[PDB]
Structures are given as structure tokens and as C-alpha cells.
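Engineer: Pasting a structure here, questions to come.
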Amino acid sequence: XXXXXXXXXXXXXXXXXXXXXXXXXXXXXXXXXXXXXXXXXXXXXXXXXXXXXXXXXXXXXXXXXXXXXXXXXXXXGXXXXXXXXXXXXXXXXXXXXXXXXXXXXXXXXXXXXXXXXXXXXXXXXXXXXXXXXXXXXXXXXXXXXXXXXXXXXXXXXXXXXXXXXXXXXXXXXXXXXXXXXXXXXXXXXXXXXXXXXXXXXXXXXXXXXXXXXXXX
Amino acid sequence: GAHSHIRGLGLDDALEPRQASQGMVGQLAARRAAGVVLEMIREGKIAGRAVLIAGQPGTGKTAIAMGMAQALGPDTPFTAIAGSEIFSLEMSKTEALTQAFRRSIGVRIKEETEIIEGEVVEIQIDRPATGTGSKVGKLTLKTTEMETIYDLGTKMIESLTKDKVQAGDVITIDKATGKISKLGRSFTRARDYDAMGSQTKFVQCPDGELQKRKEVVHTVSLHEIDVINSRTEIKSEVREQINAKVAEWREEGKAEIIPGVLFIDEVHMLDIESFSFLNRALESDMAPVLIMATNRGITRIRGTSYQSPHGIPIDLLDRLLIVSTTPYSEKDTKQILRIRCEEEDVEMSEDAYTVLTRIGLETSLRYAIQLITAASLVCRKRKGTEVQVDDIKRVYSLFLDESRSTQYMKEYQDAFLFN
Amino acid sequence: XXXXXXXXXXXXXXXXXXXXXXXXXXXXXXXXXXXXXXXXXXXXXXXXXXXXXXXXXXXXXXXXXXXXXXXXXXXXXXXXXXXXXXXXXXXXXXXXXXXXXXXXXXXXXXXXXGXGXXXXXXXXXXXXXXXXXXXXXXXXXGXXXXXXXXXXXXXXXXXXXXXXXXXXXXXXXXXXXXXXXXXXXXXXXXXXXXXXXXXXXXXXXXXXXXXXXXXXXXXXXXXXXXXXXXXXXXXXXXXXXXXXXXXXXXXXXXXXXXXXXXXXXXXXXXXXXXXXXXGXXXXXXXXXXXXXXXXXXXXXXXXXXXXXXXXXXXXXXXXXXXXXXXXXXXXXXXXXXXXXXXXXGXXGXXXXXXXXXXXXXXXXXXXXXXXXXXXXXXXXXXXXXXXXXXXXXXXXXXXXXXXXXXXXXXXXXXXXXXXXXXXXXXXXXXXXXXXXXXXXXXXXXXXXXXXXXXXX
Amino acid sequence: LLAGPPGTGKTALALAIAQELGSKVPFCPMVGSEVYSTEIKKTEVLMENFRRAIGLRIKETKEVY
Ligand SMILES: Nc1ncnc2c1ncn2[C@@H]1O[C@H](COP(=O)(O)OP(=O)(O)O)[C@@H](O)[C@H]1O
Ligand SMILES: Nc1ncnc2c1ncn2[C@@H]1O[C@H](COP(=O)(O)OP(=O)(O)O)[C@@H](O)[C@H]1O
């Protein structure tokens, strides 16, 4: 929290990111519910290093390896928060391939269990993850899971939202999904969304081409 | 297995019968009403309701029952017992009904770990383990079938480092199917030879797993857990504490229970004291759905001295949904036959497909089927490998229909009992 | 659903597929002073008709291509190219349309295919960029059109590597798509389409046959793997694959050979059926690769496999004699081969040695399959051929080109065996020749010993 | 739901079925009246007549001169 305040981040915060590496070690001991607290700590920590994060970038890399381990050993809500936090950064987009294994944990969920809990997280995670990450290959993988949730999974506003993150990918996959079809309530919603760009000018383009030719 | 073929009600989304989906023939109105009931279920409106099938005997209305069981879900528990099966020598009636119910409810109990299973001589390339991934390739080890080309998992080294050179190697060593391996949650391991001690003589058996993995349920019924926790007539304290056990199991989300559907036939076998249990039993918290089937008309209720439709107390009759339809025609029966024919894996001429239905349609579905295998054996005898009219009619020497079976043998009786 | 209404439309467009376009092409050719009005007009016209646009492009491209092929894309050629590019770019966007678009894209590619043919001056590069976008957004079927892509692959492999490899990376992804997933969602087998991809794999083997990138090798392996292990069987592709396998195996790290070996045992059975359909290709290939190793003389494991393959050669010869056979023809072939290889160092060695190998194999087996005094007729000439093998090689072999005595030994052995199993029948002039040649060689003691022993 | 056998010589066939299914298999014929016993009750005699009808082929090894 101090780091959040001191968010100005001096060298104190640089070493606070080093303390977050120490917190990664704290997490190791599995820190129980305290590792979720530590995750929050690291999230802030992450937040600092936002300045340069080269050593810090790699600090985080090591940390993330461990983080991956943490949430793979599977430390629930922890992972959610963590994920988002992590994501907020840069530079791994292979770390998200490991996160695709985490979305593999997100399937078989077919219920309808108690609440949107885990799902919410994932739902939330989605577009955020999608914004960066961009293993578009696994985008499609992720998308499969997403689709299901979106269809029928209690919290529809979350699935829809999750799908909206997926909508941002604006994919052949996006259109494919659209075409593919569903409970359609949400599909219609997304299909409607299923646009947003603008262009035209069968004259402007021509002009541009001409200009290019001239330049050449 | 007399309903293996069945796959569901077979209707469109607009509640219309495609007349052959799921493998069910004709019988329109019944399937349609059953679909309406399916709806009613999916909206909890069957709370304090049940449905009774006014069937015609010799037909086993169980068909539509199994169908609804399917169309509800993939593995929704479903039990069908005869009304007369509650008067046991050992179990009390309460005991029997409770056992039925606890036999109509399931669970979801899955878990996680990783370790291979297999059988090969203890000279293993996976006695070391590289790590996560194939680490084998077209690796070729000894099984009983052939060599292999496959992929493996991660943790295969230590166990084989744990595996001492044993005389008998059904132990965690390798895979030699031909295609694929991995670790999986087995934990069903020891050090042991590949054989057991047999009754008549004693010989060796080359055996062993090819692979092993399961995120397990393999115990899914409230009643199952009970004999799980009894000897290898059930003490209540066991049950309630089991119910107490699961009472938390479900809380974590680790466990999930589903209602089922229970099917009694010949309800007129019961008595008032049985019904009084049900209309109390059904109104419970999460009781499964109930279907009943009789073929009696107006009848005296057993255990009292009163007439009532189908022998059912009025209170229960008012809160019921009555479904009923027709006996079969010809065309269907043939089609019905074919289904069981192919299910029984038997070569039947469409010539036979007439001589037989004309038996059943005149006699009963559930008897004709009962003959189907009885011809294969003479086909096994005559080497015929196919059933025209050639066989059942030939063994109509040894074959004759229900009136023939019941009545004409009751006339075989009425022949001699005349004296 | 609603895209059937759209598919009807796509179909129509394809089906239907022009004043505007004509004008455009002609005017494009004749534009050389001032004509933007006409240009944009044309654009709009052939925007409403994606098909029209594409078609126009294609024909234009072709003519352009020939004339401009005569050069490295100067002035107007370049102009044309750029125009096309721009148009595409714009429309690619505009025409996020049907599968008429998809097949039109195939056509375009195919022209781009031809553009690359000689690789132009980058026009092809930009076309590949378009594809990259295109294929990058494709997720469609157009299998056949995928073949034009085959052409493209070839093209890029002939033009260095770089972005065509990226296009390989694109193409690598495309191959993944070949054995992919939209239809996985639909749900089936194919099996048949695996064989369709095996034909492609024939095209992938052509990619291998071009040059650069381990992707192809990997692919090949996977393909083959997939292909069997199930139990799948249907023949001609197997015949093909082998050829390709042989080729790449020869090319390097002999993994091709490994593949081939496994394939071969399988195919000895499988190819008993395939030789019922004439594993003609198989036979030739077998021979070829046999000799390839034989040249190497023996690649251990591959060589071990080949010793077993000498046995399998016999096995499949019981079937390749059905393909081609008997004393007379055997000898004829042998002689021809001998001459050829003699007149041809390494590859001539290969020819002749193959024959011998075949010949030697044949010899021991033919000791087992037959005659007595009629045998002699061929026998002496077989001996002659054996002597002639050394005539054509031996010392010829001793300078350059790479086979072995093994054959000698083999032959000897078979003959000996049958003969002795009786006793002395029938030696004669063949034996005369034998002694003579044995002596001639006198290298080394092993063979000499063998000779003497056989004699006695 | 059927009908059948009057009068005499049925059990002959039961015993016949007994011999063909291998030699010396259990065959314990009882009449329906057995259960209505005053001394012991039904389940007793029922289970008894059952485990009358269960064959054990005990294979033993003996030290022989
Ligand atoms: N595929 C099948 N297999 C076995 N039995 C069948 C099949 N299809 C229909 N039946 C039988 O046909 C009978 C039809 O009786 P029906 O007169 O329709 O009863 P209800 O009057 O209650 O509707 C049912 O008992 C059912 O068991
Ligand atoms: N063809 C036959 N060959 C031999 N025995 C026969 C034949 N036909 C009938 N039987 C006899 O029928 C008899 C049945 O009478 P019995 O032994 O008193 O049995 P049960 O009293 O049970 O009817 C058997 O003893 C059997 O020998």
C-alpha cells in the first residue's frame, strides 16, 4: 500500500520490487490466504516497475514463473487478481500460453455451481488478457472456452462482457463465432457489436494509390 | 439391456416427434405428452406432482421411461423396480423404499494426480524421465500386442528407480499400445507379479495396464456409498453420517448431487401404507421425479376395501398427470423388431420380418423379442448364419405364442384339468 | 443459417463471374498522361463486383506478367502491380464478403503464384503480404485453392527465403490448418482428407525438394505418424510419400530413411496389397533407396534395417518378379545396369549395384527356385553377370562410387546352398567363371577363403 | 405368464439337467411346502436350500505312497 502511495517510486520502490521478489519467495512458502495478500502486494509492486522494468522486467519474469506455479498449484481468487495484475504489464505472451493452460483449468466447469466466482474472474481476465498477451493462436483456444460461458452460465453480463473482450480481438474467429451461433441472445448482442471500424472512400484510396505511384 | 437402443424422446425443439429420433418408433401422443412433462420438470412445476402411465401390458411402457431419463441428461440416475419387490423377507417396506430413493440420487466426486500404469520387463527407457512431454517417441517396449509409437508424461523416472528388479512386472514401467501414453491419476500401484492363484489348475498370465488415468467419480449413487461403507438391511447411523459426510462435501463445491427419476410398475401391488410414505416422501427437499405404470382398470386398493381407478388412493390421484396410448400396429412392430434385431446382432431376412411380427402383433411385443435369440442357436446348429422365416418357423416346432404359451398351455391345462 | 442466404449469393457471384472492368484494363494499359476520373470510376464499379475486380486483375496480371517477365519490373509493370495491390488492400477490406471472395483470392494468389514464378521485383512480395493478411484471416476451406498456395510455396523456396519463409510461417500455419479444426468443430474423420493432405504432403515434399526450413521435416514426420498408428490403408499416397522420403533422407540427417524403413516393413505386407495395385513406384523407389544406403554401405541401424531389407527384398521380389522377372530378363537387366553404372561413377555404381543386389538376392532365392541342367543356361550367364559385375565395377568400384562384396558372398552362398543340399549340381561353366573371377579379385582373404570353400 | 406340466415324471428331467452339466453338481429338490415350518422360519430354510445347491470342486494335494 505504501508503494501505491510512494507510487512515485524511488530506488526504495525499485528495491520494493526487489522486496516483491522477496514476496515471491514469501508466496513460495505458499503464504496460504496471505499469498493472495502477497499477490496484491506484488500487483502493486508490478505497478511500480512500470517505469522501466528491465531487471525488474526479468525480476517479474522469475516471479511470474513462480506465479504461474502458484496459480497452477491453483490458489483460486489469488490467480484472478494476479492474472490481471500481471497482465497490466508487457512482454511475456508466452506466459499467457501458460495462462492458456490456466484457462484449460477454467473448462469442465459446466455448472451452475454456486456463483459466477471463478468465471467472473475469467470473464474479467479475458479482454484484459486479450488486450496484451496476443498469442492470437491461443486467442482461439481461449475463445472456445469463452464461447461456452457466454452461451449459458448464470452470470450472462460477465460472459457477454467476456465475449466483448473477445469481440475486441475482431476476428475471422470473431465473425466465425458469430456465424457459429448460440443461445443467440448474447450472440445477437455480440453480432451487433460485430462491426466498429469505418473506411470507404473508393476515391480517396485511388488518390492515395496515384500519389504512391507518383512517388515511385 | 432390453432398452440399450433407447436414446430419448426424439422430438424437435418445437415438441414435435421426428418419429424415429433416439430410436423410438411411432407412439406419437405418448412421446409428445412426455415432452410436455420434460418441460414441466425443467421449471420445477412438478413440485408435488407425479405422472402415471396407463399402459397396455405385454409392452413394458419402460420404453418411454428410459427415454425421458435420457432426454433429461447424460447420466441422470434412473431405477425401475416392480411394485411387488417391496415385500421382502429381510428388508422392511420402509427399508426398501428408502433404498430405492437413495438409489435414485447421484453425485460428482472428481480428483487429481498423475502416475502411469503398465506392464513390461524392467528394462525401461522411461526409468529415467526428461520431463513434461513425450520423452519417448516411437519408443518400443514389451507388451502382449506389439511395439509402440507414442508420447509420455513427466514423472516416470523415480518410480522405476523405485522399482526393484521384480519377478513379475505389472508395475509402473512403460506403455506399448502403439499410439499414446501418459501418467494419469492412477495411484493404483504396488509391486506384484502379473498373475493370481486360480481354482482348477495354476498357470501364468501375461497381462498389465497399457495406460491409466481418471478424474474419478466411479461411485455415483447415494445408495452406492452405503454398501461402500458396509460389508463386502443397512444401519441408519451409517446412512445419516454418510448424509452428514456429503452434507459438507457439497459445500466446498467438490461434490455435486443431481436428482434422478424412479419408475415403479404394477402399482396396484402396493398398499396404502406404501402410498402414505410416498406423498410424504415426494414432498421432501430434493426428491427425484416419479413415474408409475399399471394396466389394471378400476380396482380395489390393496390393504383396504375400496374401489378406485387403477387402485390408487384419491388424494394421490388428484395430483397426477395421466398419460396413455395405443397398442402397436404392424408397421411399427417390424421397425420395432429391426431395432432389437440389429441390437442383438442377428441376420434376419425381411421374409422373417413378417412371420415374426404376425406372431407378436397378434401376441405381444415383449414375447416375440424373447424369441429372437432362441433362433440363433439353431442357426448356430443349422450353420445357417442367417434367419429367414426358415428358422423360427422351423423352430415353431419348439415355438408358439402367448395364448399358445399362456392360454393354449392353460388349455394344455384346460385339456387335462377338465378331469 | 443466414449465410445460406449469403452462400446463395456467393455462389451467384462465382457463377456470374463487365464493361467497367474491360474499360479499366484497357485504360490502365493506355494511361500514360492523365486519367484519375476514369480510375476511381472503375474502382467503384468493380468494388460493387468483387468478382469482376478479381477477374480483371487476374487476366491483366497474366498478360502483364509475360511482357514484364522479360524484365525486373520497371515503370508501367511496377505501376500495374501497385495498382493491383492497392485495389486488393482496399477491397480485402471492403470484401470481407463471401467464399466467392475466397476462390477469387485463390485465383489472385495463383496469379501472384505466377508473379512469383520468376519473382518480378517485389510485386510477388506484396502479394504474399496480402496473402499473409488474407490467409491470416482465412479460416476457410478452399482446399484446391490451397494448392495454388502450393505453387506459391514452391515459388518462395526458389526466391531465397525470408518473407516467403514467413509465408512459410504463414504456410506452416496453413499446413496446421490443413490438418486442423473448423471441421473438428463440425466433427468427423478424413482419413480421406488426411490422404488429401498426403497429396499435399506430396506438395510438402516438393517444398522439401526446394530447400530451407526444418518445418517441412517435422511436418512430414508428423504426417506419416498420424497416417499410420491408427490402421488406415488405401495405397497410392504411401507409394508417393516414399519417393519424397527417399529424397529428403538423401538430402540429409537420414531421418527420412528411418521413416522409410518402418514404412517398408509395414508396406511389405501393405505393399503386398499395394503391388496388387502395382507398387511400381514403391519398387523403383525401394531399389533407389536401397542403393542409396547401399552406396553408403550401410548406415548401421539403417544398415541393419537394410540387411533385414535384403531379406525383405527377397520377400517382395516374390512380388517384384510379378512386376518383372525370370532368368533371361534378369540377366538382360543386369547387363544393361552394369554398362550404365560403369559408364557412371557414383550413380552408375548405384545402377549396377542395385542390379547386383537385386541379382545376388535373386541368385540365392533362385537356387531355391529351381531347375538343374536348364538352370545352367542362365547359371553360366549369371556367373558371367557376376563376373561382369566385377567387370563393370570391382576396380571401377575400387576407384570411386560406393557399393560392396557382400553381393558376391550372397550369390555364392545361395547357389552353394541349393547345390550342396543335393551335392554337386550343376557348377559347369558358371563354376569355371566363378573360379576365374575369384582368382581375379584375390582381395581380400575373406572372399578368397569363401571361394575356395564353396569350390570344395 | 405361461402354463405347463401335469402329473408325473417331471423331476426326472431336473435330475437329467443335473447330470449333463458336468458330473456331481449340486441337486437339492424341495417342495413348496418346506417354508411353512413352525420351528425355523422362512429365510432360514430358503438360504439353507440355496447353499445346498452350490458346488465346490476343492483341489487338494496329497503325499502319496
Ligand atoms: N422400442 C421399443 N422397445 C420395447 N417396447 C416398446 C418399444 N416401443 C414401444 N414399446 C412398447 O409399446 C407399448 C405401448 O403401449 P401403449 O398402449 O402405448 O401404452 P399407453 O396406453 O400407456 O400409452 C409400451 O408398453 C412400450 O413398452
Ligand atoms: N424314451 C424314454 N427313455 C427312457 N426313459 C423314459 C423315456 N420316456 C420316459 N421315460 C421315463 O419317465 C420317467 C419319469 O418317471 P419318474 O422316474 O417316476 O419321475 P417323476 O416321478 O418325477 O415323474 C423316468 O423314470 C424316465 O425313465
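Residue numbers (the working numbering), protein chains in the order written: chain A, 1 to 216; chain B, 217 to 635; chain C, 636 to 1091; chain D, 1092 to 1156.
Ideal Cβ positions, reconstructed from N, Cα and C, are used throughout, including at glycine.
Just verifying my parser: in three-state terms, what is the DSSP assignment at B/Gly-283?
Structural biologist: It is helical.
Engineer: Of all Cβ atoms in chain B, is any one closer than 8 Å to the Cβ of D/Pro-1117?
Structural biologist: Chain B contact via Cβ: absent.
Engineer: Roughly how many angstroms lie between the CA atoms of B/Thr-601 and B/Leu-225, to the nearest whole one?
Structural biologist: Using only the alpha carbons, I get a separation of about 34 Å.
Engineer: Is the distance from the Cβ of B/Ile-530 to the Cβ of B/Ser-524 below 8 Å?
Structural biologist: Yes. Within cutoff.
Engineer: Using only alpha-carbon positions, find the residue among B/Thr-359, B/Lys-430 and B/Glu-440 that is nearest to B/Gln-315.
Structural biologist: Per the Cα distances, B/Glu-440.
Engineer: Return no unless some Cβ of chain B is closer than 8 Å to the Cβ of D/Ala-1094.
Structural biologist: At least one chain B Cβ lies under 8 Å of D/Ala-1094.
Engineer: Please decide whether D/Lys-1153 counts as near chain B, where near means a Cβ-Cβ distance under 8 Å.
Structural biologist: Not one chain B Cβ lies under 8 Å of D/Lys-1153.
Engineer: Please name the residue in B/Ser-304, B/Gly-239 and B/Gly-271 whose C-alpha comes closest to that of D/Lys-1133.
Structural biologist: Of the listed residues, the one whose Cα sits closest to D/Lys-1133 is B/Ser-304.
Engineer: Since B/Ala-509 sits in a beta bridge, which residues does DSSP pair it with?
Structural biologist: According to DSSP, which records beta bridges pairwise, B/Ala-509 is partnered with B/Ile-269 and B/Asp-481.
Engineer: Check this for me: beta carbons of B/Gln-604 and B/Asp-567, under 8 Å apart or not?
Structural biologist: Cβ distance < 8 Å, so B/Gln-604 and B/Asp-567 count as in contact.
Engineer: Got a list of residues with beta-carbon closer than 7 Å to any non-hydrogen atom of ligand 2, in chain order?
Structural biologist: Chain-ordered list of matching residues: D/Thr-1099, D/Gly-1100, D/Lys-1101, D/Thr-1102 and D/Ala-1103.
Engineer: Among all the DSSP beta bridges, which residues are the ones paired with B/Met-564?
Structural biologist: Paired residue(s): B/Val-603.
Engineer: Mind checking whether B/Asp-423 and B/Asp-390 have CB atoms under 8 Å apart?
Structural biologist: No; because the gap between Cβ atoms is not below 8 Å, this pair is not in contact.
Engineer: Please name the residue or residues paired with B/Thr-295 in a DSSP beta bridge.
Structural biologist: For B/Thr-295, which the question treats as bridged, DSSP gives the partners B/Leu-478.
Engineer: For chain B, find out if any of its Cβ atoms is closer than 8 Å to the Cβ of D/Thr-1134; answer yes or no.
Structural biologist: Chain B contact via Cβ: present.
Engineer: Is B/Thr-292 closer than 8 Å to B/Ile-474 when the C-beta atoms are compared?
Structural biologist: Closer than 8 Å, so yes.
Engineer: Quick check on the DSSP output: the beta strand (DSSP E) that includes B/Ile-538 runs from which residue to which?
Structural biologist: Element bounds for B/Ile-538: 536–539.
Engineer: By the criterion of Cβ-Cβ separation under 9 Å, what are the contact partners of B/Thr-416 in chain D?
Structural biologist: Within 9 Å Cβ-Cβ: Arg-1148 and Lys-1150.
Engineer: Specify the secondary structure class of B/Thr-579 as computed by DSSP and reduced to three states.
Structural biologist: Coil.
Engineer: Which residues does DSSP pair with B/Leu-227 in a beta bridge?
Structural biologist: B/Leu-227 pairs with B/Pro-233.
Engineer: How would you label B/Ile-444, buried or exposed, when you count the other beta carbons within 10 angstroms and need 16 or more for buried?
Structural biologist: So B/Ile-444 ends up on the exposed side.
Engineer: Determine, for B/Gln-272, whether the minimum Cβ-Cβ distance to residues of chain D falls below 8 Å.
Structural biologist: Answer no: the Cβ-Cβ gap between B/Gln-272 and chain D never drops below 8 Å.
Engineer: Check whether the region 458–478 of chain B and the region 319–333 of chain B touch, using three or more Cβ-Cβ pairs below 8 Å as the test.
Structural biologist: The region 458–478 of chain B is in contact with the region 319–333 of chain B.
Engineer: Would you identify the three-state DSSP class for B/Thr-515, choosing helix, strand or coil?
Structural biologist: B/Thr-515 falls in the strand class under three-state DSSP.
Engineer: Can you tell me whether B/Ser-220 is buried or exposed? The criterion is at least 16 other CB atoms within 10 Å of its CB, across all chains shown.
Structural biologist: Result: exposed.
Engineer: State the Cα-Cα distance for the pair D/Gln-1110 and B/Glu-306, rounded to the nearest angstrom.
Structural biologist: Taking the straight line joining both Cα atoms gives about 34 Å.
Engineer: Is B/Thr-579 close to chain D? Criterion is C-beta to C-beta, closer than 8 Å.
Structural biologist: Taking Cβ atoms only, chain D never reaches closer than 8 Å to B/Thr-579, which makes this a no.
Engineer: Is B/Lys-380 near ligand 1, in the sense that its beta carbon is under 7 Å from a heavy atom of that ligand?
Structural biologist: Checking every heavy atom of ligand 1 against the Cβ of B/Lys-380, none is found closer than 7 Å.
Engineer: Taking 7 Å as the cut-off, is the CB of B/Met-240 close to at least one heavy atom of ligand 1?
Structural biologist: At least one heavy atom of ligand 1 is nearer than 7 Å to the Cβ of B/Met-240, so yes.
Engineer: Following a CB-centred definition, is B/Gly-276 positioned closer than 7 Å to any heavy atom of ligand 1?
Structural biologist: At least one heavy atom of ligand 1 is nearer than 7 Å to the Cβ of B/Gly-276, so yes.
Engineer: Judging by CA-CA distance, which residue of B/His-484, B/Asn-495, B/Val-505 and B/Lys-609 is the nearest neighbour of B/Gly-513?
Structural biologist: For the residues B/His-484, B/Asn-495, B/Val-505 and B/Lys-609, the minimum Cα distance to B/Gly-513 belongs to B/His-484.
Engineer: When the cut-off is 8 Å and only beta carbons count, does residue 187 of chain B lie next to chain D?
Structural biologist: The requested residue 187 of chain B is not part of the displayed model; chain B covers only 217 to 635.
Engineer: Report the neighbours of B/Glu-482 on chain D: residues whose CB is nearer than 8 Å to its CB, in chain order.
Structural biologist: In chain order: nothing, as chain D lies at least about 12 Å away.
Engineer: Counting only beta-carbon separations shorter than 8 Å, does B/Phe-632 have a partner in chain D?
Structural biologist: It does: the Cβ of B/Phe-632 has a partner Cβ on chain D nearer than 8 Å.
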